[PDB]
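The chain below stands alone and is given as structure tokens, in the form deposited in one PDB entry.
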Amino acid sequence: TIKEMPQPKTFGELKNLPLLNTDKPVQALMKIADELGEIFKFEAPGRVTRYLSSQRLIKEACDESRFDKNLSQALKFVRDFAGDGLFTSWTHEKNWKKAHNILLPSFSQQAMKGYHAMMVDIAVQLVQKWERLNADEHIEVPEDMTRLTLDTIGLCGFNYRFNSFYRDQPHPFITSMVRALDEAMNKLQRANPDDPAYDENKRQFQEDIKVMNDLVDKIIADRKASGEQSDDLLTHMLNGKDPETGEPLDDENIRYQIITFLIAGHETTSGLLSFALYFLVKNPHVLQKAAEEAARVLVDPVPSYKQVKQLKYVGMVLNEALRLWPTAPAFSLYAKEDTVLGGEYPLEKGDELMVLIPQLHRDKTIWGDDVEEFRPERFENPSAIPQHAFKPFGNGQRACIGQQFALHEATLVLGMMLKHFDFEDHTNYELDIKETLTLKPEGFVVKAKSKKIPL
């Protein structure tokens, strides 16, 4: 039977638009999903989308014969500086499939063996920072995790050191990138974007785009000039040819890919590490089990690629953190053709869906009644998880190309953190999830007591 779709409260001619005029729109949409269920319509002047929350419907949304990736307005604003890089391109753009084919082998699990040493370089810098704190000091967790992930992507992406652990004020590139991302997200809630109050925003935005383009174009040009071969993604992109077209990426698209790796990877990955450490300090028995694994496996001063692969419980901790607070919390799809969703909701060609990942990850028909509990052991037998129940890295050919990189990074770093320190939730921190591009536990702080194990 065709079913009428629920809709949240309306504001006359503004329809549902004012519901997203909030500091925490994803958390607001999760509460609407709690009230309305697995699907609801969201209307604004000149647009409609449908928010999906159940595995039953998201399994169908994930059918690539029926639905393709849509660029959300969020992605369209980011496209002003990420261009036709992989994250902000339509599947049908020539540069999407070309870059996908060229870059997939450079992002495989096997390829992580080549990035491992660079990841260890930055991870050791984090450990040494914390070893060097005085008794009276604490750790700003998301702040340090972001220094780590930015620097790791910079070193593995284009052999560039942002030297974030040497600074209070980030490298100008990072200052410009973070300010451009802030501006792109701020434009989602901006009613009068041509008001003169935004003249400075528009000028600063063009300045920040030029800062990013100028540095990355220079490093590409420096690399081509020198002929130097490194273990970075820039080497792979300069050397690569798409088997289909037989073409390489041009220098402009290479620049957009480098900017994209930093944008797509830095705050998702640092949020994952921040939420994982938050859940560990709030669940001491889970922290103890993860710390026992780190001590048994990481028997050398420097972790190896093989040792990171044997941090199985650490991997389960990270998957459980992605279950509860996936740091890229939504993605957008469009209907390729007229179709019926779930035997109940007719859609026309071009109709849009939003996947509300945190709500999917709370589907009690999949996970059971204990969905709010942090229980990594629920990932012990993953073959038992029904299709499309767990989607922190998106879907299909448009899924996260960085998934293996992010998880190798996060497993290495969390393993080293748990080997080298005991952690104290010294403030009894109250979770406050700040929403920007990403989700993070705002103001999460801990104290780290060294186990005095040499590097």
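In this text, residue numbers run from 1 along the sequence as written. Think of the rigid core as the biggest set of C-alphas that the two forms share within 1.5 Å after superposition.
Although it is not shown, the form deposited in another entry is what the next lines describe.
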Among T245, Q189, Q128, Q288, which is the residue that shifts its C-alpha 2 Å or more between this form and the one not shown, core superposed? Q189
Quick one: once the rigid core is lined up, does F374 have its C-alpha move by 2 Å or more between this form and the one not shown? no
So with the core overlaid, does the Cα of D217 end up 2 Å or more away between this form and the one not shown? yes
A180 C-alpha shift between this form and the one not shown of 2 Å or more, rigid core reference: yes
Note on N21-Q204 C-alpha separation in that other deposited form, which departs from the shown form by 3 angstroms or more: closer
A change of 3 Å or more separates this form from the other: in that other deposited form, the C-alpha atoms of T245 and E228 are farther
